[PDB]
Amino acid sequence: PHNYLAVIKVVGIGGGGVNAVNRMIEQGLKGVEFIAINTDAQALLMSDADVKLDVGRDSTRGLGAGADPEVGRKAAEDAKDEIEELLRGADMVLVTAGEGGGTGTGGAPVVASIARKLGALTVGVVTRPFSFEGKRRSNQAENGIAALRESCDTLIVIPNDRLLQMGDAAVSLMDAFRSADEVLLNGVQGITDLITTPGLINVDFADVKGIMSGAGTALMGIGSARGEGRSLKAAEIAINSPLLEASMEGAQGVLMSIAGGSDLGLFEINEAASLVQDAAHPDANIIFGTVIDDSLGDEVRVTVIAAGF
């Protein structure tokens, strides 16, 4: 095998998607070309993405979609040519969005469908809305997730409800949607940083493509720790993450990443790798990799993507 660089693109769509891509920029996600997409023209113009694109100006005059998914879709199908060339020749496209709105919910299945005809491995990373946003938002989101899982290879759904504790005690509204911005970041960063920033144990691109092709919907767990025993306290928190909905024991596909400085020893790596093979189904397919980040200092971060129940 000669050397090969995987070209990876991360497209946020809708306000929620673009706000999260903004958080990826600020925290320095790399190896990836960012792409913001919205109908709100005002919201696009402070996206810090390398590529922006408004959809169906005639349809909206640049106002949004008014919480109506079926026009959020039509705006994207009539930018299909602009999208298909923004993504020409990618090996992996990740679609981010908060689900429940109009453009994200409606547009995301279209982006993902385009990336999958282009032969790219297409992974969706989305949130379920908070319960306090009403039932119409929850119904519309559940219709977008159904639409999108049929246009993806893997769809990671994150329940915002379980961020609320697992967060702070006295959270605020602004804080809550900030938390959801970092979770989406943890979702795509958990995946891409295996390809683009491998550590001691490096997974190739085609191992990721193997477990994640046709995987259906998936969930995620995160955890972090410092000190001695850091690697398996973090891996413990990841297996028991509210975000994972205790779905670990019965998952047939699992992609795990452990992130740490170059100070990360083989022994730490091995105990965390063992604790997740133990907590997984015995017939489960597990692919696992180390990630190098000298900026976390003492902290170790574990991330678990579980698919196919």
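Residue positions are given as counts along the sequence shown, with the first one as 1.
Trainee: Would 41-49 or 269-277 have the larger average of its C-alpha temperature factors, as given in the entry?
Mentor: 41-49 has the higher mean C-alpha B-factor.
Trainee: Hey, which bit's got the bigger mean C-alpha B factor in the entry, 169-177 or 232-240?
Mentor: Averaging CA B-factors over each stretch, the winner is 169-177.
Trainee: Which listed residue, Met248, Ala259, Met256, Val32, has the largest C-alpha temperature factor in the record?
Mentor: Max CA B-factor in the entry, restricted to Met248, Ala259, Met256, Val32: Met248.
Trainee: Using the entry's values, work out which of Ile287, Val10, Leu296, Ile13 has the largest Cα B factor.
Mentor: Answer, based on the entry's C-alpha B-factors: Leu296.
Trainee: C-alpha B factor of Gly98, ranked within the chain: lowest, middle or highest third?
Mentor: Lowest third, going by the recorded CA B-factors of the chain.
Trainee: When the deposited Cα B-factors of this chain's modelled residues are ordered and cut into thirds, is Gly89 in the lowest, the middle or the highest one?
Mentor: For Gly89, the deposited C-alpha B-factor lands in the highest third.
Trainee: State the tercile, meaning the lowest, middle or highest third, of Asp153 with respect to the CA B-factors recorded for its chain.
Mentor: According to the entry, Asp153 has a C-alpha B-factor in the chain's middle third.
Trainee: Which third of the chain does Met212 land in by C-alpha B-factor: lowest, middle or highest?
Mentor: CA B-factor rank for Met212: middle third.
Trainee: How does the C-alpha B factor of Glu182 compare with the rest of the chain: lowest, middle or highest third?
Mentor: It belongs to the middle third of the chain when residues are ordered by C-alpha B-factor.
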